[PDB]
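# Structural characterization, general
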Amino acid sequence: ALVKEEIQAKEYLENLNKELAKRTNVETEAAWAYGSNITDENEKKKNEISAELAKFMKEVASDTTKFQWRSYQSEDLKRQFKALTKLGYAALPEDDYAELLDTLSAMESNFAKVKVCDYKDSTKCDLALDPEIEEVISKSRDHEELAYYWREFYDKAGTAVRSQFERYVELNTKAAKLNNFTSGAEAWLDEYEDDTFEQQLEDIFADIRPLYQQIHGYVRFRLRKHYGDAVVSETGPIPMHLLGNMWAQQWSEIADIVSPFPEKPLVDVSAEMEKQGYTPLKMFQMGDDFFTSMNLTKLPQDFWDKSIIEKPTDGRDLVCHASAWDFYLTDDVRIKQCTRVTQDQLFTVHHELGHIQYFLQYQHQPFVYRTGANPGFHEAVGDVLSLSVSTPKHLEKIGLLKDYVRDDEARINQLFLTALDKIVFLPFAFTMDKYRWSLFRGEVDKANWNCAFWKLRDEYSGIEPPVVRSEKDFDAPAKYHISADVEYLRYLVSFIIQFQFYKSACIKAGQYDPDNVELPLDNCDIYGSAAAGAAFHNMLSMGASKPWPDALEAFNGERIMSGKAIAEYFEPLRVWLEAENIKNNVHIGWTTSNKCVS
Ligand SMILES: *[C@@H]1O[C@H](CO)[C@@H](O[C@@H]2O[C@H](CO)[C@@H](O[C@@H]3O[C@H](CO[C@H]4O[C@H](CO)[C@@H](O)[C@H](O)[C@@H]4O)[C@@H](O)[C@H](O[C@H]4O[C@H](CO[C@@H]5O[C@H](CO)[C@@H](O)[C@H](O)[C@@H]5O)[C@@H](O)[C@H](O)[C@@H]4O)[C@@H]3O)[C@H](O)[C@H]2NC(C)=O)[C@H](O)[C@H]1NC(C)=O
Ligand SMILES: O=C(N[C@@H](Cc1ccccc1)P(=O)(O)C[C@H](Cc1cc(-c2ccccc2)no1)C(=O)N[C@@H](Cc1ccc(O)cc1)C(=O)O)OCc1ccccc1
Ligand SMILES: *[C@@H]1O[C@H](CO)[C@@H](O)[C@H](O)[C@H]1NC(C)=O
Ligand SMILES: *[C@@H]1O[C@H](CO)[C@@H](O)[C@H](O)[C@H]1NC(C)=O
Ligand SMILES: [Zn+2]
């Protein structure tokens, strides 16, 4: 009978989950050691442990077939079994899997070890993306210096790993097919448990695109005044090196030159942070307080004892790209961040602690449920906090923003500043996976791989490289997530749903009322709101125990991903900006780039 078997299956899963947690802990420790300290020895060990765990998961997947799990009464038991049948890369033959792991570490270590020569001193060649090159990209307003660093970085982080990247695409596809997905794209998209999810994102992106065009237009207008028409054309894509960021994913670093009201306050608290003697530790402590102020969980002692919150000053190599780690025990959670004392880094700290909070909130769950309701939820949690941290309201409370008058013009400056990060990023994030999906699905010949990348960056974002690229270059792996094989759609989803979360949390905190000019959504601070916190607790404690619409329902009673909340946030900006572009006769739209030669 199935009644007796379903009772046995329940005990089988209970023991197996605990075993998976314990085995993954060993892999996670080895991965943590590699990322904190990149050596051939640590690579070998990371990859050998993973291979062992891969082998064990194969065995588990095979063992699921001895249970009639699809026949069971429990949706919960069925959901857990379904999770165990999904092997990912672990479906590959032993040798193929090992080759893949060597390929991935080759790519991530290459990215992490990139060094460029100083623009002004080619004897000094120890400049790393983080912090040296990123400091320049964000601060320099010398367009030739900007273009020099762009070309050096992209040549070393991108083109250098073309053949490894090709091999990864093959093995990624092979793995997906061994799981009976058409490609890696369907493998990634499976995490969202919704067969119309791509179309949903297309619909939502289409609604926000006109606002992005207006922002793009206005920024291009303002850059022309700064750099002149020789550097920036009216009708062409924006030279991406002028946008304050190596990938042009967010443009807030050039707010000083494109802000709507240059003679009104622009929030940039980096200087005050330094003046008040802030450290990385202080920044994490403040993030902690934010979470505990909402009646959420305080960081445990293991976090403080084991996290790395500053770039090491010994000679070593490591992955500085920030990350949050769950070791699947109790309270062993850590962050690795090469923290700097700046405004953007304060937001990052809160973002990462959102990951840590999710880990702590679902650690009581069975292992297979110890992850986000979908990858987007995990990325959204901390960003909901960063939105209120970013408000003048909050920055005044913590004494980082002084003598701030919030008149109508300063409001527009702050809305635009936020848009430069929140709206600008949407097309960027969409293209990161549109590109990889197209490679995974076999839609682009290998001979056209680099111009397929720049073509998407043009079509959706209206940016282009500073210099002519060709199919001799290979520019995509210059983005961390592309070198490190991290699905990027999570972030598009996060930037949409975080405003659904933020809006609802602000309403619960009494911080937003649409019909009250004193409680605007763009100045809501949820700090200290236990109502807000309760919503977070209800959602986050579920982990992946239910499909994501049930997790959203737990937060605010909604079950649909919607662009309504983000549009609602920026509606005051849209009205103002549309009128400002008309007043200044701003050209909108762009010609096709001439920057990637076939
Ligand atoms: C991805 O899709 C793949 C298909 O495209 C799929 O691969 C198939 O998985 C099947 C197992 O689910 C497998 O079916 C078995 O076939 C055996 C012999 O087939 C040979 O010939 C093939 C044709 O050329 C070769 O290609 C193969 O290499 C094979 O050598 C059968 O002997 C076998 O049977 C036994 O099992 C069934 C299943 O029983 C189930 O459970 C209970 C049993 O207790 C039943 O009561 C219940 O009703 C249910 O049926 C028994 O019914 C039967 O009595 C035997 O005991 C079985 O049918 C198939 O061979 C395989 N490949 C292909 C190409 O077809 C992958 O599994 C998919 N991957 C993932 C990750 O999902
Ligand atoms: O550590 C991660 N993820 C990190 C990436 C990563 C994935 C896999 C392995 C290693 C690392 P991140 O996105 O926190 C690491 C960071 C976060 C960040 C940066 C910023 C930020 C703020 C101001 C300026 C520039 C950046 N804000 O937040 C990240 O990857 N951010 C994205 C995009 C992003 C930008 C802004 C933002 O608000 C949110 C996201 C990027 O850098 O491209 O894992 C989370 C996790 C773990 C287990 C299960 C589910 C989820
Ligand atoms: C880095 O790992 C190596 C193993 O290759 C080890 O010998 C060394 O102790 C580690 N270095 C640091 C600074 O932790
Ligand atoms: C904190 O959480 C508890 C239960 O976890 C809840 O009952 C209580 O309302 C919360 N604290 C406050 C001040 O609301
Ligand atoms: Zn993240």
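Residues numbered from 1 in each chain as written, not as in the entry; some residues may be left out. Chains lettered and ligands numbered in written order. Heavy atoms only, no water. Residues with missing side-chain atoms left out of burial classes, pairs and counts.

Method of determination, as given in the entry header: X-ray crystallography; reported resolution: 1.99 Å.

Where we set the bar: UniProt positions are given in the numbering used here, feature names are shortened, and annotations may be inferred rather than shown by experiment.
By the naming in the PDB entry, the protein is ANGIOTENSIN-CONVERTING ENZYME, taken from Drosophila melanogaster. The record for the entry shows the title "Drosophila Angiotensin converting enzyme (AnCE) in complex with a phosphinic tripeptide FII". Taken from UniProt, the Function comment for the protein reads in full: "May be involved in the specific maturation or degradation of a number of bioactive peptides. May play a role in the contractions of the heart, gut and testes, and in spermatid differentiation." Quoted straight from UniProt, the Subcellular location entry for the protein says "Secreted, Extracellular space".

### Examining the nonpolar core
To keep it simple, the criterion reads: Nonpolar core, defined: a set of buried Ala, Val, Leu, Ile, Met, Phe, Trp, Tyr and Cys residues in which side-chain atoms within 4.5 Å join the residues together. Per-residue accessibility, obtained with a 1.4 Å probe over protein chains only, is compared with the maximum for each type, and a residue is labelled buried under 20%, exposed over 50%, and partly exposed between these values. In this description a helix means any DSSP run of H or I spanning at least four residues, a strand means any run of E spanning at least two, and both kinds are numbered starting from the N terminus. Here a residue-residue contact requires only that any non-hydrogen atoms of the pair lie within 4.5 Å.
Counting 176 residues, the largest nonpolar core has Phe153, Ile215, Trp251 and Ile526 as its most contacted members. Counting residues per element, this core draws most heavily on helix α9 (residues 197-227), which supplies 13 residues. Aside from chain neighbours lying at most four places away, what touches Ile215 is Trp251, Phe416, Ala419, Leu420, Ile423, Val424 and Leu577. Within the second largest apolar cluster, 17 residues are counted, among which are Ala9, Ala21, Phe67 and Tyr72.

### As for the coordination of the zinc ion (ligand 5)
Stated formally: As a rule, N, O and S atoms within 2.8 Å of a metal are its donors, except that Na, K and Ca use 3.2 Å; water is not among the atoms, so sites may look incomplete.
Distances from the zinc ion (ligand 5) to its protein donors, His351 (NE2), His355 (NE2) and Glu379 (OE), fall at 2.0 to 2.1 Å. When the donor residues of the zinc ion (ligand 5) are listed from N- to C-terminus, their spacing reads H-x3-H-x23-E. Linking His351 in helix α14 (residues 343-362) with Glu379 in helix α15 (residues 375-389), this pair joins segments that are 28 residues apart in sequence. Comparing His351 with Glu379, the two get one shared label, buried.

### Quick word on the packing of aromatic side chains
In plain terms, the rule: Note on ring pairs: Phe, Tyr and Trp rings are taken, using the six-membered ring of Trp, and paired if centres are within 6.5 Å. Classes follow the plane angle, with under 30 degrees stacked, over 60 edge-to-face and the rest tilted. A ring is considered to have a charge above it if a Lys NZ or an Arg CZ atom is located within 6 Å of its centre and within 35 degrees of its normal.
In total, this model carries 55 aromatic pairs according to the counting rule given. Ring geometry for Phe67 against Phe81: centres 5.3 Å apart, planes inclined by 45 degrees, an arrangement best described as tilted. One end of the pair, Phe67, is in the loop between α2 (40-64) and α3 (75-85); the other, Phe81, is in helix α3, and 14 residues separate them in sequence. The class for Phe81 is buried, based on a relative accessible area of 0%. It is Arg334 that lies over the ring of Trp32; its NZ or CZ is 5.1 Å from the centre. The ring of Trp247 is capped by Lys479, whose NZ or CZ atom sits 4.3 Å from the centre of that ring.

### Things to note about the pairing of strand β3 (residues 333-336)
The condition is simple: Note: two strands are recorded as paired if DSSP finds a minimum of 2 bridges between them.
The two faces of β3 match: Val333 and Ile335 on one face and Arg334 and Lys336 on the other face are all buried. Across four bridges, strand β2 (residues 323-326) lies against β3 in antiparallel orientation. From the neighbouring strand, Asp326 faces β3, where its bridge partner is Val333. In sequence, β2 turns back onto β3 through a hairpin of six residues, with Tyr328 there showing a positive phi of about 65 degrees.

### Observations regarding the packing of α9 against helix α18 (residues 425-440)
Two numbers describe a pair of packed helices, the interaxial angle and the distance between the axes. Filter applied, for reference: Between the N-to-C directions of two axes lies an angle of 0 to 180 degrees, each axis being a line fitted to C-alpha atoms and, for a helix, fitted only over the stretch in contact. What sets the label is the angle itself: under 35 degrees gives roughly parallel, over 145 gives roughly antiparallel, 65 to 115 gives roughly perpendicular, and the rest give oblique. We call a crossing left-handed when the near helix sits turned anticlockwise from the far one by less than a right angle, and right-handed when that turn is clockwise. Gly is put with the polar residues, along with every residue not named as nonpolar or charged; the nonpolar set is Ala, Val, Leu, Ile, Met, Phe, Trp, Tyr, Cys and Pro, and the charged set is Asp, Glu, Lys and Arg.
Two numbers describe how α9 lies on α18: the axes approach to 10 Å, and their chain directions differ by 140 degrees. The orientation of α9 with respect to α18, classified from their angle, is oblique. α18 is crossed by α9, and the crossing has left-handed handedness. Taking contact as the criterion, the partners of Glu198, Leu201, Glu202, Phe205, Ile208 and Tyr212 in α9 are, on α18, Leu426, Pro427, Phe430, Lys434 and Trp437. Looking at the contact of α9 with α18, its residues break down into eight nonpolar, no polar and three charged.

### A few points about the UniProt feature "disulfide bond" in the protein
Spelled out, the test is: Here, the term disulfide refers to a pair of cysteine sulfur atoms separated by no more than 2.5 Å.
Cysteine pair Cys117 and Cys125, annotated in UniProt as disulfide-bonded: S-S separation 2.1 Å, below the 2.5 Å cut-off, and the bond is accordingly regarded as formed. Residue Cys117 is classed as partly exposed on the basis of its relative accessible area, which comes to 22%. Judged by the 2.5 Å criterion, the UniProt-annotated disulfide of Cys506 with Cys524 is present, its S-S distance being 2.0 Å. Of this pair, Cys506 sits in helix α21 (residues 489-508) while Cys524 is found in the loop between α21 and α22 (530-540), placing the two residues 18 residues apart along the sequence. With relative accessibility at 0%, the residue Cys506 sits in the buried group. By relative accessible area, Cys524 is classed as buried at 0%.

### Section: the site of ligand 1
We count it as follows: Whether a residue is near a molecule or strand is decided by its heavy atoms; if any one of them lies within 4 Å of it, the residue is near. Pairs of N or O atoms are called polar contacts if they sit within 3.5 Å, as long as, within protein, a hydrogen donor faces a hydrogen acceptor (for residues adjacent in sequence, only side-chain-to-side-chain pairs). Note on areas: these come from Shrake-Rupley sampling with a 1.4 Å probe, and a residue is covered only by the protein chains present in the view.
Taken together, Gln68, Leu178 and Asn180 make up the full set of residues adjacent to ligand 1. The side chain of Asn180 places a nitrogen or oxygen atom 2.4 Å from an oxygen atom of ligand 1. Surface burial for ligand 1 is 10%, taken as the share of its 1200 Å² of free accessible area covered by protein chains.

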